[PDB]
């Protein structure tokens, strides 16, 4: 509802690399085959609006296509996008520091299947007991998978659900932005 402080902000694109940053955020999209989000470092999740004046490539954008929620200071930018993933309103935003990228969580695998569960709250790869969940899946996402990294463990994007639908103690995000 409010706008972020534009005194500590810096957005720059040069050659094949684009970066929307400030003191807490470092949002990097790269041109490889296509322009897409490569890595987002969120030192501490904000709750403001990223100013359009410091936004690259923000023409005709549907907010539901933006990986990082605009309400969480996500830039209204086509750089803030990734094929196969809608907006991550239910990511682990209440874990403090969070780092999004596109790679596999250690010991885990992600498979494409229409059988897989529909997108839900972001689930951590380790249970409350600390047991690792190895088999994951998705219906219509792309690989490598959307991965969160917080101080409490490694998470997957909303689209990605545990393949063994039968997990007992799941650690899932409780926030909805």
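Residue numbers count along the first chain shown, from 1.
Comparing 35-43 with 114-122, the stretch with the higher mean C-alpha B-factor in the PDB entry is 114-122. Averaged over CA atoms, B-factors in the entry run higher in 156-164 than in the other of 19-27 and 156-164.
Placement of the Cα temperature factor of residue 131 within the chain: highest third of the modelled residues, per the deposited record.
Among all modelled residues in this chain, the alpha-carbon of residue 140 has a temperature factor (C-alpha) in the middle third. In the PDB entry, residue 84 places in the lowest third of its chain by CA B-factor. The PDB entry assigns residue 109 a C-alpha temperature factor belonging to the lowest third of its chain's modelled residues.
Among the modelled residues of the chain, residue 96 sits in the highest third by CA temperature factor in this PDB entry.
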